[PDB]
Amino acid sequence: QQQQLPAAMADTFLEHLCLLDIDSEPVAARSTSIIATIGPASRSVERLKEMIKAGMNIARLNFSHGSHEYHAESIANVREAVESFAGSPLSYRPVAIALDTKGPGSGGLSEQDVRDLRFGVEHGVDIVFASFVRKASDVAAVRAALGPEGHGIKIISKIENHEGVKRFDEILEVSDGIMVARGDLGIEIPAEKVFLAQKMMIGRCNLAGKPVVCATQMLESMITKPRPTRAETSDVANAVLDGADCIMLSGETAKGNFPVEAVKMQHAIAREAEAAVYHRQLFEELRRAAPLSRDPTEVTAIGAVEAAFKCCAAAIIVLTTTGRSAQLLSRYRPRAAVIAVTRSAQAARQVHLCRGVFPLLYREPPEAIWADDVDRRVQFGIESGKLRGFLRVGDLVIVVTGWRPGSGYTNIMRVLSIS
Amino acid sequence: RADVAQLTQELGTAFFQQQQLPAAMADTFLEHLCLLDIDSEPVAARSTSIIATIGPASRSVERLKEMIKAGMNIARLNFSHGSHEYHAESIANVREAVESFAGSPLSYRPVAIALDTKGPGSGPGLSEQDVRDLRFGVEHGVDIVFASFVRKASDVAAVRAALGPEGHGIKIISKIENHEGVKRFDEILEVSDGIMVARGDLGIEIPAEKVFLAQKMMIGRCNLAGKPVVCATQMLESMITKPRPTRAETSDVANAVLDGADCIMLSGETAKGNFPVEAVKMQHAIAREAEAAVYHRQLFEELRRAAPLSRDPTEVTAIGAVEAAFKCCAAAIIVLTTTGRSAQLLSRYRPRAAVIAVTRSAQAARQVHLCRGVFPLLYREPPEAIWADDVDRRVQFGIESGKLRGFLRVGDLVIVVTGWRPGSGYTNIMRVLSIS
Amino acid sequence: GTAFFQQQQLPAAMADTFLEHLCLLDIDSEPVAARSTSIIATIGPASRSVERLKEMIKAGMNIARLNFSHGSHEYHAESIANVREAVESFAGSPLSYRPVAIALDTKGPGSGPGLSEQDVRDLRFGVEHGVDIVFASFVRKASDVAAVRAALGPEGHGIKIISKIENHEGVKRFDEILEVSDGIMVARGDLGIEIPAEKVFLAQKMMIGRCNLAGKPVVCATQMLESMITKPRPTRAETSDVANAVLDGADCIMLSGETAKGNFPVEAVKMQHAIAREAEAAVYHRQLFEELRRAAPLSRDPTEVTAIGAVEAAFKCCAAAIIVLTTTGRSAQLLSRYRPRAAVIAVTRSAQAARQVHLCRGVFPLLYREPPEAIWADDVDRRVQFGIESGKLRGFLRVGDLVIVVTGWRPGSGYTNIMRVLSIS
Amino acid sequence: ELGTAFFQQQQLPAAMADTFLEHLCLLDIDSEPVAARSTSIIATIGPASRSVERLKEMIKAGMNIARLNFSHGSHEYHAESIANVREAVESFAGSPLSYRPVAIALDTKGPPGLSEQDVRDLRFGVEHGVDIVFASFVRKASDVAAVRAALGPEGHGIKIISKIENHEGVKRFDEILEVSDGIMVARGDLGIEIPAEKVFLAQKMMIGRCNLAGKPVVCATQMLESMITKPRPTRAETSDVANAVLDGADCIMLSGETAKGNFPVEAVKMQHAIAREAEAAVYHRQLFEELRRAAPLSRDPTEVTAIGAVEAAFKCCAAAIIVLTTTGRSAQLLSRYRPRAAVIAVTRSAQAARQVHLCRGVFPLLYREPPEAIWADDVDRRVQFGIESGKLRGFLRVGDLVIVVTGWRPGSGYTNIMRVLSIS
Ligand SMILES: O=C(O)C[C@H](NC(=O)[C@@H]1CCCN(S(=O)(=O)c2cc3c(c(O)c2O)C(=O)c2ccccc2C3=O)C1)C(=O)O
Ligand SMILES: O=C(O)C[C@H](NC(=O)[C@@H]1CCCN(S(=O)(=O)c2cc3c(c(O)c2O)C(=O)c2ccccc2C3=O)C1)C(=O)O
Ligand SMILES: O=P(O)(O)OC[C@H]1O[C@](O)(COP(=O)(O)O)[C@@H](O)[C@@H]1O
Ligand SMILES: O=P(O)(O)OC[C@H]1O[C@](O)(COP(=O)(O)O)[C@@H](O)[C@@H]1O
Ligand SMILES: O=P(O)(O)OC[C@H]1O[C@](O)(COP(=O)(O)O)[C@@H](O)[C@@H]1O
Ligand SMILES: O=P(O)(O)OC[C@H]1O[C@](O)(COP(=O)(O)O)[C@@H](O)[C@@H]1O
Ligand SMILES: O=C([O-])C(=O)[O-]
Ligand SMILES: O=C([O-])C(=O)[O-]
Ligand SMILES: O=C([O-])C(=O)[O-]
Ligand SMILES: O=C([O-])C(=O)[O-]
Ligand SMILES: [K+]
Ligand SMILES: [K+]
Ligand SMILES: [K+]
Ligand SMILES: [K+]
Ligand SMILES: [Mg+2]
Ligand SMILES: [Mg+2]
Ligand SMILES: [Mg+2]
Ligand SMILES: [Mg+2]
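Residues numbered from 1 in each chain as written, not as in the entry; some residues may be left out. Chains lettered and ligands numbered in written order. Heavy atoms only, no water.

### What about the sheet that holds strand β9 (residues 332–336) of chain B?
- Strand order in this open sheet of 10 strands is β11(A)-β10(A)-β9(A)-β12(A)-β13(A)-β13(B)-β12(B)-β9(B)-β10(B)-β11(B), and the pairing throughout is mixed. Because the sheet does not close on itself, it has two edges, and the strands there are β11 (357–361) of chain A together with β11 (374–378) of chain B. Shown here is a sheet whose adjacent strand axes are inclined to one another by a mean of 20°, direction ignored.
- Pairing of β9 of chain B with strand β10 (residues 354–359) of chain B involves five bridges; the strand directions are parallel. Directly across from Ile 333 of chain B, in β10 of chain B, lies its bridge partner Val 355 of chain B. (Pairing = 2+ DSSP bridges. Helix = DSSP H or I, 4+ residues; strand = E, 2+ residues; numbered from the N terminus. Axes fitted to C-alpha atoms, helices over the stretch in contact; angles between N-to-C directions.)

Below you can see the structure in the form of structure tokens.
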């Protein structure tokens, strides 16, 4: 069987490793998002279209380099390349725009960061990767600089030094997610300890149900060479096996000679690594560690993920306004793809931060009766699923909806047979 | 502590001290035993059904009303004794006592009627007396048949044939009473609705010191198959003459419930003993204590690992509903069911939450007592013009009855299990509702 | 051979879950191992004759309980003499001799706060007559155990004190009582009157689990085979109660009226023996050993470190037995706490230790009577050979079996530190 | 007692966790490694690492096995490299605290059958007393039988580590492992023969199967590749070394990093530093439980004693397991259970001392004293030699507990005793 299913049925982690097979082909869609840094090698609209097709989900703008005019042109080219595929709504792929700050240098929040954060809000960025976060008040300062119009922007705190690692719990508590920024971390702490910080932060983010990004030098040699080293493919695979929600490309896409090939390589590795995850242990541990809850979205999410594993569901289709119901399903790491149907273009972009969430932006005319409108969004999730290869006739899907309009009311799970 | 800290702040430390919840959160079975507490009071309604044999000591309508109030769920008629006229009178008295509570539909308790056959004796097949007794059962509308000395699958096919076309709905519980029945258990279970571990004859047919092995094996296999299993005979034997049982008898009842039995039975204790009502009360009190002492964490994990993957939406919905109920400490799972099957599939996962089964079928309401933790509510209202409105009314009946009976309080979370179209076999929906 | 793997519930033993272990239990899978749960029989008019006592020792009685709630000191001194005469009648065959402990069960405190004056006199009688164990009635707190220990005086330091938990206070103060006691008795008779009868199983399971965690003996007592006081065969609930006490983890099971005053004393001992043997094979060792290991704290005591290594080695090779040399019984007790499937054959020169180790599940005491060899290593080896020859005569061992041998580096108690894998020749 | 400081080091809070997820959450960059580095480092000897002075620095940095790649150079060139390795190793014989055996491994050029060049290179290996052969492109069991036959009448004690470098070797892995002494995951060729994105699956599978079989497994190629020209490795390279150790590799290897790069000693130091951190991060609670469950029951006393000794070592946090071995087999059977305690192997065989570097956590001590007339006295002198070397090296202190593994009679194959000793 395909997708490492013989290894998935093993009774121990050791026997699971023994049953991994190079001939067992991945079938599921790639779950881990790829963040590509936009720079001179990846700015053109033509190049960006190839990167979107290769698998890029989030475009990162590094505000340590370039100018506001330079980054505004990069953003416009990304949006032009993304919108060139809007003519086919059943296959359109949203792409998030993330702003990576310069940081505080030797100083609180720098004056350049205040200006760059204002630029981000004015240009409608979806995410901020806040550099050198060392305490909870650093996150509050970034949040205040985003102003009242930036309330919806996700703040991903970059842990880059000893203090950020030691104050991790307080930083995670007030952040939307974390970035393990291994470049600076490997200079701030002994290089041989970075893997411990990475594994600990990934484990704690998985426990909290918050996104974690593994970043820097994942495919470094691909800046000048067409193929990566054996250590680089292993590093990407191990970040996915560790539990990372996203993987990142920096120089490989910003300035390298093979930007599209680097995206394709991360895509190919992530797909193979996701099938090699030992879900039997992972799901059991995530389920046991997740606290008891009286929030109906939290209760519906665990019931839906348990139902999906019971029937080998091809997908969990969820309606979401903010992305929260999809995120609560994602935290249990289902093998079934989480297809998130939303009308919010921003939520569709932001939900790429959560592993295994495939956003579908709903642009069909509204139905007069709310129950009919919900049913047509579910049929849209199914038709997009069929066109993209997620679903076939005869598959079982789990459908997650709410009892009334508006965010916060998810409380229903349904088992549906396709066609 | 982090996995229960926010819910402990919300529900309070008193909530988490009751119903053996500190033992329930233990990481190993050994730690679970160490945390069992005689001061941790049971809160949940008693989920293991009590089968009481009706005889001279428990035949009067007034006595039967006391037995229904004490906890009797199934009335057993032993066709090894008495006559058809005698058993017909016992059935009529049971129905009169049961119907005396029908005036309040929100609190009415259905009681099943089970016929226990005499058996084949030295003969190889279905005896002539069994054919007549089975015909009597169909004519008197019995809900269940406890078939004596089942030794192979063809014995149950013979009982099924003798029930005729009008007895298709009657549940057949095969009694395993000898070495052959134990050895051919898998084939017998496959064609039966459930099993009875008939320890009286089993303890004479096989060495007495081996009966506990047969009991534990059959209970484990029935739990794995999701089929009811009854533990029977000499559970509270000394209560035939004494008002209080021995230490071995209370332990035996508690251990049958901990083994996984769906029902426990009283024979001479209710049929001829001096303390029939007290015997029912004692089984009720022990079963409530033992149900709270079940280590659900291991049981649910093992039922998931052992159960094969399923593409039946009723089965997929049932595991999702039970998982959701454990996540929020749901007070109940309300399920709409025509035949009892959706309630049975929830029951096989052994939820701690009560399974309140709302049905229009009076027979299904009586028969679901065979499944652990299923509380039947008989809905008597005529159908609404719009099917979705009729579904909603039945769910509200379950909620309002749940509040009236003490199962539910304002602020509780309940899991609601329904289907997408009318008729049996279409359960596919799970909803989380907050009680207001 | 394939026959080996069909016996002693070995298909159920290899199951991956407790549920599948239950599903694989087989009434045709015969027990092979020797019965490991000790039987305590209460002495009375039905079991006091020397000839009847010989039959009870052959049926499996390991501990004789003297109930000091009945009879004078003169009655109990005769009971002691008769027990010793019956036990010593088998001393002429040292390879088959079975030690039998004598336990004194006190009358209790009554309406008083703690140690009654009658208990002080009974305890002094126990020391003067050399009893091995005291079952202290109605223990409610740690100071009750200290009072029993003080009443035993300086000459009774070696006597084991088993605290009987018989009321709500003893259950609530269980941890402090267990800490100062050598073991516990779940006295279900009084417990079932002091607390609601439907809660006794919770107290029994909790106390057995905590004693197993602590590595201290626990006795399940009262009305286990009650109907056998007058009837030749027990009820279905009684056989199930005995089997479930063994499956719960009890080290000993007890008979009271069944052996003291009933008409079937020998048959009651035989019935407990037959049930315990079937129940011990049905224990799911895979989960039990895993949980005992995880719960047991780290240790720097070499006896404890050797014991866990020896039990792990025994499971790896399906050892027929673990033979241990012991002066006080402590090395055998530390092996027993890990619940090996292999029998723990304890070879000792101490007649008292040989009697007292019956409190520990799976310990088979052998009393070595030969004078010491001049070379200490030769004395150790002769004792190990005595364990092997006793084991072969009694059916524990055959040629070709593997056995784990546990010894120490110097004479005297407290120095066990060696484990060795030995092939039986 | 041990103190609270003891329980804060070597990731002991993460070691006590009840789940793998909790274990990851408790990993701490401030919890310092204390145990000696247990994963062996294989360094390829070439132009950048051939001189006696350079080899002395590589031995001090942590090199345990010297690899000679017969795909390059000549017999004369490799004979000079072997002589320089032996000269550098023997320069530390004057101090027990610095002397360390170093194995010599011959890596063949590769292949219808065994090539003429491989036959001659294998003969060169036997004549020069190599300890190990890394056999290139092993595709089936008969390839290993051909290498074994070419090792001739004198080289039957040489360990054959089969290099799995293509699709066929991966598919016929079980039959190859059965007849080999160990495996090398040769990722360079493997990443060209199969899709590059599948190499991690083959690596994890082969490591898991070798751990299950109790046979050494080497992770090789491009582990610290950028260190050929740069003084510090990339983030992906440090992670790759740490993950090979966490996967269960017995050895890690350096190729161009030591053979031709500008920083050979620094590459060895980097592998040493990462392996030490990664070994403390292994979740022993699950690993030991799974190795125990997957391993079949055994009636071999060495195997039964090994599991009892490893269980005893975990129970008391033993500083070391001292084992007397002539062939290395008793040390290998302890190593397969992955104890946290160091396995100090006392042997009179210089070849067994070099070869046990293939087994994770085995620290060989070569013993050269003349045999005592009373065998029990000869055994006691070797046990005390292991203890005094352990005290001198920092493994042991007075008051520590050690597990000692011996047999009941002389000769290899009789290990059946485990003892708990308090260090005095
Ligand atoms: O302290 C510093 O000076 C910088 C520091 N380190 C680095 O950025 C690394 C070293 C430099 C190269 N990069 S890179 O290749 O990933 C990279 C390069 C570029 C851009 C990036 O975003 C980017 O990540 C631009 O955006 C851009 C824009 C306009 C012109 C050129 C460029 C460009 O070359 C890695 C940091 O980010 O804090
Ligand atoms: O498929 C092949 O072509 C054969 C294959 N080679 C490679 O692919 C490797 C990758 C490129 C570089 N390395 S290297 O830097 O590690 C390497 C280089 C050299 C030596 C090595 O051992 C060695 O591994 C010498 O021993 C030596 C001796 C004398 C002169 C020069 C040298 C020398 O340069 C070799 C193999 O050896 O398996
Ligand atoms: O994931 P979120 O943000 O809570 O959104 C979930 C919400 O989406 C719905 O399914 C559909 O709501 P809308 O019709 O307003 O889009 C609600 O019933 C539910 O509360
Ligand atoms: O448990 P059963 O027998 O399958 O009945 C479940 C059925 O009950 C319902 O919830 C309601 O059906 P009715 O309206 O026919 O009573 C169905 O949607 C579902 O299929
Ligand atoms: O179990 P205990 O009382 O600690 O006795 C174990 C002792 O028995 C021995 O094996 C034999 O000692 P003796 O020769 O004194 O009987 C000692 O080596 C060991 O210390
Ligand atoms: O690991 P190996 O090669 O089997 O060697 C273990 C052998 O070493 C010993 O401990 C000591 O043997 P020698 O005195 O011959 O060295 C033997 O008793 C045991 O059989
Ligand atoms: O800023 C970053 O991404 C880093 O340092 O790794
Ligand atoms: O028939 C019965 O119920 C029995 O034998 O137990
Ligand atoms: O004293 C006892 O043995 C009792 O009360 O059970
Ligand atoms: O030969 C090797 O070492 C390789 O291919 O990795
Ligand atoms: K930046
Ligand atoms: K009958
Ligand atoms: K008494
Ligand atoms: K080579
Ligand atoms: Mg940085
Ligand atoms: Mg019968
Ligand atoms: Mg009493
Ligand atoms: Mg190669």
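### Details of the interface of chain B and chain A
- Every contact between the two is made by 41 residues of chain B and, on the other side, 33 residues of chain A.
- Roughly 3,100 Å² of surface becomes buried between chain B and chain A when both sides are summed, with 58% attributable to carbon and sulfur atoms.
- The interface formed by chain B and chain A holds six salt bridges in total.
- Between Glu 284 of chain A and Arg 304 of chain B there is a salt bridge, with the nearest N and O atoms lying 2.8 Å from each other.
- Run the count over chain B and chain A and you get 16 residue pairs in polar contact.
- Looking at the side of chain B that touches chain A element by element, the count peaks at 11 residues for helix α16 (residues 313–328) of chain B.
- Broken down by class, the residue content of the side of chain B that touches chain A amounts to 23 nonpolar, five polar and 13 charged. (Contact = heavy atoms within 4.5 Å. Buried area = accessible area lost by both parts, 1.4 Å probe. Salt bridge = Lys/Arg side-chain N within 4 Å of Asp/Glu carboxyl O. Polar contact = N/O pair within 3.5 Å; in protein donor to acceptor, adjacent residues only side chain to side chain. Nonpolar A, V, L, I, M, F, W, Y, C, P; charged D, E, K, R; others polar.)

### A look at the domain arrangement of chain A
All names here are of chain A.
- Along its sequence, chain A is carved into domain 1 (31–273) and domain 2 (279–417).
- Taking only C-alpha atoms into account, the centre of domain 1 sits 25 Å from that of domain 2.
- Of the residues lining the interface, 32 residues belong to domain 1; the matching set on domain 2 comes to 23 residues.
- Carbon and sulfur atoms supply 52% of the area buried between domain 1 and domain 2, which totals about 2,300 Å² over both sides.
- Taken as a group, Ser 31, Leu 90 and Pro 94 account for 27% of the area that domain 1 buries against domain 2, more than any other trio of residues on that side.
- Across the domain 1-domain 2 interface, the total number found is two salt bridges.
- Its salt-bridge partner being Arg 333, residue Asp 245 comes within 3.2 Å of it at the nearest N-O pair.
- Seen at the junction of domain 1 and domain 2, the total is 17 residue pairs in polar contact.
- Of all the secondary structure elements, the ones that give two or more residues to the side of domain 1 that touches domain 2 are β2 (56–62), β5 (154–159) and α10 (194–208). (Domains from an automatic or database assignment.)

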